[PDB]
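Q: These protein sequences, in sequence, are chains H and A. Under the numbering used here, the first sequence has 180 at position 180, and the numbering climbs by one with no breaks. Under the numbering used here, the second sequence has 377 at position 115, and the numbering climbs by one with no breaks.
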Amino acid sequence: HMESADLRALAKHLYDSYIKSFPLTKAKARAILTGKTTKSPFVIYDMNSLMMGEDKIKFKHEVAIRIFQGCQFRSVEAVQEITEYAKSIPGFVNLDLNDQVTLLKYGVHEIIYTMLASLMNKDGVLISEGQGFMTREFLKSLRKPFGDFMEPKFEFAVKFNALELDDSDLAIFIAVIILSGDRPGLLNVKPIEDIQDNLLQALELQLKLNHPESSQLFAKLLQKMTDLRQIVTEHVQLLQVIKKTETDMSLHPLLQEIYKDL
Amino acid sequence: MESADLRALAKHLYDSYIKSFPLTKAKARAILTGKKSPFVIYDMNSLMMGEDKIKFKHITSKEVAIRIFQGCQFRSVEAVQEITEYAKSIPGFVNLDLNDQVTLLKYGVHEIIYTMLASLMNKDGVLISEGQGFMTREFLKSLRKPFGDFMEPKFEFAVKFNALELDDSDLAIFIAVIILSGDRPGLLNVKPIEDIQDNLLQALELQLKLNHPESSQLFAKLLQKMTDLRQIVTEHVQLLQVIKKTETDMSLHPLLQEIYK
Ligand SMILES: O=C(O)c1ccc(-c2nn(C(=O)c3c(Cl)cccc3C(F)(F)F)c3ccccc23)c(OCc2ccccc2)c1
Ligand SMILES: O=C(O)c1ccc(-c2nn(C(=O)c3c(Cl)cccc3C(F)(F)F)c3ccccc23)c(OCc2ccccc2)c1
Numbered sequence: 001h002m003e004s005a006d007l008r009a010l011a012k013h014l015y016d017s018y019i020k021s022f023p024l025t026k027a028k029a030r031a032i033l034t035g036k037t038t039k040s041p042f043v044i045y046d047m048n049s050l051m052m053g054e055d056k057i058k059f060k061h062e063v064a065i066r067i068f069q070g071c072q073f074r075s076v077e078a079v080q081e082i083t084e085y086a087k088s089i090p091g092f093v094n095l096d097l098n099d100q101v102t103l104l105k106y107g108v109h110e111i112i113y114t115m116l117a118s119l120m121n122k123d124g125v126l127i128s129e130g131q132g133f134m135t136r137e138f139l140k141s142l143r144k145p146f147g148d149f150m151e152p153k154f155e156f157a158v159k160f161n162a163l164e165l166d167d168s169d170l171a172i173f174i175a176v177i178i179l180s181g182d183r184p185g186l187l188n189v190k191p192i193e194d195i196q197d198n199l200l201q202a203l204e205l206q207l208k209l210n211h212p213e214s215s216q217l218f219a220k221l222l223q224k225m226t227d228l229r230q231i232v233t234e235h236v237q238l239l240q241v242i243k244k245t246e247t248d249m250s251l252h253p254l255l256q257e258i259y260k261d262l
Numbered sequence: 263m264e265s266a267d268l269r270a271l272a273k274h275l276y277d278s279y280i281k282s283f284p285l286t287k288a289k290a291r292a293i294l295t296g297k298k299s300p301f302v303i304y305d306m307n308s309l310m311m312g313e314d315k316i317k318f319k320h321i322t323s324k325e326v327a328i329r330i331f332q333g334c335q336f337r338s339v340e341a342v343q344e345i346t347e348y349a350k351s352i353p354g355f356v357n358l359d360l361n362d363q364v365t366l367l368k369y370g371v372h373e374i375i376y377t378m379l380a381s382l383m384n385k386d387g388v389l390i391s392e393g394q395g396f397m398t399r400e401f402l403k404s405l406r407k408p409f410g411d412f413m414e415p416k417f418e419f420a421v422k423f424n425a426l427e428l429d430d431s432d433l434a435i436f437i438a439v440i441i442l443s444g445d446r447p448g449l450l451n452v453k454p455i456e457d458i459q460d461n462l463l464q465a466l467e468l469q470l471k472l473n474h475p476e477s478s479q480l481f482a483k484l485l486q487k488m489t490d491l492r493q494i495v496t497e498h499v500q501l502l503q504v505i506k507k508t509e510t511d512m513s514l515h516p517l518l519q520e521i522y523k
């Protein structure tokens, strides 16, 4: 339902808007993680280095709570960037306004975990626009339920990163996630699915041109949407334990609204 | 992988799918749409008459809601054996590590049962006993305590899944894809499983293009349903646990408890 040139044009549009919307790309994150440059992050691996990192790293946003609350504020910034990106997806702002809210409500976390994988390897995650690197072992060692928060994200990212996607692939994949016609409470499924159909055609052609030797990469990427859904559900149940255990811990109102009745 | 090889693989699976499963989607749709009218169970009195006249096996505690629930469990155990026989016809499956064969079936059967159950359902009810009976959605949803809300999610899934309008030749490949899932926990040799799934996916993609040329990106939409299947199977497990801990009248002969574990 779309010619090849139109699908290439749509792929280029989305990549361009992705570069404009997300300040830390996978390409930059990989150049920081693979090193070979003098761009080097400060590495936080224990309590003493955290204390030194806060002195050296210029953070834009008890140790476990401090790290948790900071993650929440980074997630809110991520929602803002994802929302800016979503408005560039052709057709999205023309949808019913309640459906725009619904698509963002259920899509933003799946996108956050997708894009978080770009900042991750098996040993830890880049933080503060790549200025810092916090080890997976240090996060797993946090007290109470906080230790178990990041480990599922690392588990996903190790598998997702084996697909070797780049930002130009990811730009379309993220659009596909937002324009999901199966979100609960949608009023007008038909125009959402028509946009997703074009996005899926564009993703399929993008993966064939950019990864010609990666057989059925399109199918394998769509199957990862299953892993994303699973970790979002785990995440929601994990916060509920914190809400009942940590009663003095505030959650950001934007995050409060997203998780409500999910 | 050439097109003729993919078509050969698609036809092999369709042929085996027909032999392994007692009621095809095509035959089920002919019964459901009214095109030997099945005996209809729509309340307690018709249930009792169905057990007396048709004598439905698996629906033979004296409480009705429990009896119907256990009957779903008993049919699902029968379905597992049909799925196991079908799996053996998938090229490459029996050549896998024997523990990996068991693991793929153990973790795949719930998703496959839900998928194939949809072939037997419409928005008003479900066929039972090889299409000889039809039990209404309202009767199942009206069962007491948690049993009623146990049945309704199955219908909600099936109504959405059936909107894709797959036929048996599509489903035969799709079921094979689910079985050859390389991400099941405890697999020892993932590589040959993903190599077989890659062939099956190529065969499903081509099958869907030739069989539904007007249904844009149906391949993508069907793979997106694997998300729904995983989600409802996880929900299913939690619902069973609540029933296991709450209900005291669910006891069977210990030998039957072992069979239908
Ligand atoms: O201030 C800052 O610039 C800043 C910046 C980042 C973090 C921080 N983010 N984060 C994430 O997962 C993450 C990331 Cl990388 C990128 C995008 C979206 C997300 C999230 F949406 F998924 F959230 C973490 C996971 C584990 C630990 C930290 C992060 C951050 O953490 C708070 C913190 C860090 C160190 C010391 C004290 C507090 C702070
Ligand atoms: O023919 C067939 O392929 C087939 C296949 C499935 C059912 C049937 N299973 N089922 C379940 O809950 C279920 C499911 Cl989805 C997946 C795994 C395990 C279970 C269960 F173990 F938990 F059971 C149902 C819930 C409601 C309605 C039907 C099912 C099935 O039901 C026939 C039936 C219906 C009512 C009374 C007696 C039999 C038939």
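Think of the CB as a built atom: it goes at the ideal place given N, C-alpha and C, for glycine as much as any other residue.
What is the DSSP secondary structure of A:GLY387, counted as helix, strand or coil?
A: Residue state, collapsed to three classes: strand.
Q: I want to see whether chain H comes within less than 8 Å of A:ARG492, judged by CB atoms only; does it?
A: Output row for A:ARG492: interface = yes.
Q: Which residues in chain A have a C-beta closer than 8 Å to the C-beta of H:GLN240? List them in chain order.
A: Within chain A, no residue comes near H:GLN240; the closest Cβ sits about 15 Å away, beyond 8 Å.
Q: Flag this pair as yes or no: are the beta carbons of A:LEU442 and A:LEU366 separated by less than 8 Å?
A: Cβ distance < 8 Å, so A:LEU442 and A:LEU366 count as in contact.
Q: Could you tell me which chain A residues have their CB closer than 7 Å to the CB of H:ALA78, listed as they occur along the chain?
A: Simply none; closest approach about 22 Å.
Q: Quick check: the segment 433-441 of chain A against the segment 344-362 of chain A, are there 3 or more CB pairs under 8 Å?
A: Verdict: yes, contact present.
Q: Checking contacts by CB at 8 Å: is A:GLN500 closer than that to chain H?
A: Cβ-Cβ to chain H under 8 Å: no for A:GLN500.
Q: Let me check you understand the geometry: is the CB of A:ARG399 closer than 7 Å to at least one non-hydrogen atom of ligand 2?
A: Checking every heavy atom of ligand 2 against the Cβ of A:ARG399, none is found closer than 7 Å.
Q: Enumerate in chain order the residues of its own chain whose CB-to-CB distance from A:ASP457 is below 8 Å, with the five nearest sequence positions on each side excluded.
A: If we look at A:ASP457 and ignore the five residues flanking it on each side, its Cβ neighbours are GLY354.
Q: In whole angstroms, what separates the C-alpha of H:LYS208 from that of H:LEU10?
A: If you take the alpha carbons of H:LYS208 and H:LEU10, they lie about 15 Å apart.
Q: Between H:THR135 and H:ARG143, what straight-line distance do the alpha-carbon atoms span, to the nearest angstrom?
A: Cα-Cα distance, rounded: 15 Å.
Q: Could you tell me the distance, in whole angstroms, from the CA atom of H:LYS140 to the CA atom of A:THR346?
A: About 40 Å.
Q: In whole angstroms, give me the CA-to-CA distance for H:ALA171 and H:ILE258.
A: Whole-angstrom Cα-Cα distance: 22 Å.
Q: Counting only Cβ pairs nearer than 7 Å, list the residues of chain A close to H:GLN201.
A: Going along chain A in sequence order, the residues near H:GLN201 (Cβ under 7 Å) are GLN479.
Q: Can the beta-carbon of A:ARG291 be found closer than 8 Å to that of H:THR226?
A: No, they are not a contact pair.
Q: What is the DSSP secondary structure of A:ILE316, reduced to helix, strand or coil?
A: It is coil, neither helix nor strand.
Q: For A:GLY395, report the span of its beta strand (DSSP E) as first-last.
A: 395-398 is the extent of the beta strand (DSSP E) around A:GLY395.
Q: Would DSSP call A:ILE352 helix, strand or coil?
A: The answer is coil: DSSP assigns A:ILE352 none of H, G, I, E or B.
Q: Determine which residues share a DSSP beta bridge with A:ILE303 and list them.
A: Paired residues: A:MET397.
Q: When you compare only the Cα positions, how much space is there between A:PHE409 and A:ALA341?
A: Distance between the alpha carbons of A:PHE409 and A:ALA341: 21 Å.
Q: A:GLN519: buried (16+ other C-beta within 10 angstroms of its C-beta) or exposed?
A: When all chains shown are included, A:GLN519 counts as exposed.
Q: Which stretch, first to last residue, makes up the alpha helix (DSSP H) that contains A:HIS515?
A: Looking at the DSSP string, A:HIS515 is not in any alpha helix (DSSP H), and its letter there is neither H nor E.
Q: Out of A:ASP432, A:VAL452, A:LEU480, A:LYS507, which has the shortest C-alpha to C-alpha gap to A:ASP277?
A: Here the closest residue by C-alpha is A:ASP432.
Q: Determine whether the Cβ of A:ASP460 lies closer than 8 Å to any Cβ atom of chain H.
A: Yes, A:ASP460 lies at the interface with chain H (some Cβ there is under 8 Å from its Cβ).
Q: Quick one: using the 10 Å Cβ neighbour count with 16 as the cut-off for buried, is A:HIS515 buried or exposed?
A: Looking at its Cβ environment, which holds fewer than 16 other Cβ atoms inside 10 Å, A:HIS515 is exposed.
Q: Quick one: does the C-beta of A:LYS416 sit closer than 7 Å to a heavy atom of ligand 3?
A: In terms of ligand content, the structure shown lacks ligand 3 and carries ligand 1 and ligand 2 instead.
Q: From H:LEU95 to H:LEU165, what does the alpha carbon distance come to, in whole angstroms?
A: Computed Cα separation, rounded: 29 Å.
Q: Output yes if chain A places a C-beta closer than 8 Å to the C-beta of H:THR114; else output no.
A: No, its Cβ sits nowhere closer than 8 Å to a Cβ of chain A.
Q: Cβ closer than 7 Å: which chain C residues qualify as neighbours of A:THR489?
A: In the structure shown, chain C does not exist; the protein chains are H and A.
Q: Just to make sure I have the definition right: I need the residues of chain H whose C-beta is within less than 7 Å of the C-beta of A:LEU485. Which are they?
A: Near A:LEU485 (Cβ distances below 7 Å), the residues of chain H are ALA219, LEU222, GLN223.
Q: One question on the structure: do H:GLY130 and H:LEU24 come within less than 8 Å of each other, judged by their Cβ atoms?
A: Going by C-beta atoms, H:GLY130 is nearer than 8 Å to H:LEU24.
Q: With a Cβ-Cβ cutoff of 8 Å, do H:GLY70 and H:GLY132 count as a contact?
A: Cβ atoms of H:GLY70 and H:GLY132: not closer than 8 Å.
Q: Thinking C-beta only, is H:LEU7 closer than 8 Å to H:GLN240?
A: No, the pair does not count as a contact, with Cβ atoms beyond the cut-off.
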